[PDB]
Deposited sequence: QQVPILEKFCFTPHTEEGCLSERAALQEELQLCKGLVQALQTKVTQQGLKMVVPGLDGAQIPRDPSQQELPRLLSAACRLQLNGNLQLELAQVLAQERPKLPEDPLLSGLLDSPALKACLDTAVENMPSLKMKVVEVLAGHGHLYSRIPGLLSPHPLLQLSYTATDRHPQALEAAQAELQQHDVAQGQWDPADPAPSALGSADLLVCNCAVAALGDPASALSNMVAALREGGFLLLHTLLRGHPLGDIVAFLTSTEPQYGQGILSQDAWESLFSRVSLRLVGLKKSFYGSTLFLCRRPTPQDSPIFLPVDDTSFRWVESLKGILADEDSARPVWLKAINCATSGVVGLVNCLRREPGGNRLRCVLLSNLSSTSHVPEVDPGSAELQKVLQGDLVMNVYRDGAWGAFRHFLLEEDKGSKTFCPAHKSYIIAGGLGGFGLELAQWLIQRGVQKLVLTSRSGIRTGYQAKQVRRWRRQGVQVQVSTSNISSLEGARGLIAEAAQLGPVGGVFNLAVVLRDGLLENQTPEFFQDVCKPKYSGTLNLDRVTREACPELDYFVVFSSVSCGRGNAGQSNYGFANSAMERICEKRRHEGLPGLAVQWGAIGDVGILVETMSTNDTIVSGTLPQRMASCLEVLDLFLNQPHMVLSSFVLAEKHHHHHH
């Protein structure tokens, strides 16, 4: 009995402020801590309140309680929040392989070993080597159980010194210096940079002077607590580029920085051409194995480009290391579209960061990130409305049909270019009809506007159209070297065209539509070698659903991992470290997912 990992997939600005606003417990604790300091000058059992309360009666006291202080909910707020995961997933996404070597500085008071390995462990392919270091062996003695549980190696490193050889060519260095003292920050950071490979990341958690929490801790302990400007000056000083910034409402901060790489001349390739002629171009560019020139796919003219899913798949193929993209994707027609031509300022910023994923949406640069879903109550359907499944005679289609009938659907149109071709398809339609369900098998093809209009018309004869579900798929798997514009056309027709055509027809003629649902893939969400065209097609549908939801229309894309029992995959097999999700699991997840306000959801099952 298997437990899927359920996530939302959300546009995430590189820069976020006001983080942890909604968290009333931190809002309350801060107000209390502000009073207790206001009292010294003139959540209450938590460490920083308890320490401030002990200071009101009266150096010795805090020295005892310093090892307990990092786990104060304000001090640890950003760490136990989606901001940490966003920063980590950004590093992983920018690795040349699925091996990340991580080194924690001053782990003793840092405690990032108790979060980072666990945040990354649910990833099926990622090979993590995490080393918790500190200046004294005594520093990490209390945590020895947690280090073993999380498979964390141990090291001795005072960041005042050069790093031990062992810890060199690190991919990511992490340091929670909320409580731990770097000493001379410029020296510390300088040594931390040298320990990184070129293009390696630094993730620093700290408190900002000029913000309530830093000023409170600053006042209490009287090098130390720096302003944002000082930190950002220090990053430039040691030649780091700030590529991500997460600020809590009380001035706790995650800085995501990157050591620059000597950049060869970039190749720009527009991937907006609806004929996919750019496929042949890209093939010739990546065919040159000699070339280490980075390849920048530009989607600037089409908000529904699937470039992101494309990139995820091509990064898994030979020469994939080289690939980056720019996507302009405003949900609002009122939003400014920035100029990103070679000379421009907006592009130079993107190039300096050199991130794989550069998505511009309604004023901010960011990327789509995955976040653990919250809830993890059975749905029911209006019995008078018609329900359309494109690809309805498929593996997942026949199960989705049954599942809709169990929830009160009496009016189904199942679309298929070739109609009933198996005895199972024949048996199921015949049984449902016997059961008094109106089941139309239609060859009307959503790939064209005509077919889509025909299909809605057919549905509308049964009852007003309540739901459309795009489960249509054509596969043309192969590495890019064996792809053609025609193969891309074939894979995109049922999904991109199909979803565009349904979008437009349901807008024009389905005012009673409750459900617009497309079945995307982990192949798009995470990437799969040999499926770049499928990556793109699924990614486009997701961009359509986001747009629809922004205008208040129904829109949900579901990124399924492998499906068991029925479907393409089936026609016990661990797949890229995942189990095919059993159909009973898929269907109870879909109940959860259908009554959810998020635009793109993900479900996959991890192999143990």
Inset, instruction - Note down, first to last, the deposited-sequence stretches for which the model contains no C-alpha atom. - result: 43 to 64, 81 to 90, 255 to 260, 415 to 416, 612 to 616, 654 to 660
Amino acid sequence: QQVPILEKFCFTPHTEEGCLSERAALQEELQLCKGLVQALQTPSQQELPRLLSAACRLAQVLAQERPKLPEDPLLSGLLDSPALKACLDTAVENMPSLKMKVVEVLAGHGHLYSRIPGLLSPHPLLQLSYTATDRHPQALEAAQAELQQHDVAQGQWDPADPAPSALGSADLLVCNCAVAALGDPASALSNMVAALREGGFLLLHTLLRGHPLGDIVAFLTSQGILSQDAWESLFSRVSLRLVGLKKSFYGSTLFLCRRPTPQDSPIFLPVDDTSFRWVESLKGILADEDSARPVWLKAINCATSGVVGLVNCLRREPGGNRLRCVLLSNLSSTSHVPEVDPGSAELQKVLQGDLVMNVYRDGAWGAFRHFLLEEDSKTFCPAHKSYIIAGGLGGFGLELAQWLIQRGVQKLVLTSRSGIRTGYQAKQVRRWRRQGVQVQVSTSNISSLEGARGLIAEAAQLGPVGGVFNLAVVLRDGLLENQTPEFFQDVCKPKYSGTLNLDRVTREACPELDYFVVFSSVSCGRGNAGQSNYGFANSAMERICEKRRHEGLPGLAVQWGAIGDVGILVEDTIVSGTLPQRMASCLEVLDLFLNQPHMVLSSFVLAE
From here on, numbers count along this sequence of modelled residues.
Legend entry - Mean Cα B-factor comparison, 339 to 347 or 324 to 332, giving the higher one as deposited: 339 to 347
Inset, instruction - Could you check the entry and say whether 434 to 442 or 143 to 151 has the higher mean CA B-factor? - result: 143 to 151
Inset, instruction - Please work out which residue in 229, 264, 514, 490 has the highest C-alpha B-factor recorded for this crystal structure. - result: 264
Inset, instruction - Using the entry's values, work out which of 581, 559, 27, 576 has the largest Cα B factor. - result: 27
Inset, instruction - Divide the modelled residues of the chain into thirds by Cα B-factor and specify which third, lowest, middle or highest, holds residue 507. - result: middle
Inset, instruction - Classify residue 276 as lowest, middle or highest third according to the C-alpha B-factor given in the PDB entry, relative to its own chain. - result: highest
Inset, instruction - Place residue 369 in the lowest, middle or highest third of its chain's C-alpha B-factors, as listed in the PDB entry. - result: lowest
Legend entry - Ranked against its chain, the third holding the CA B-factor of residue 136: highest
Legend entry - Ranked C-alpha temperature factor of residue 543 among modelled chain residues, by third: lowest
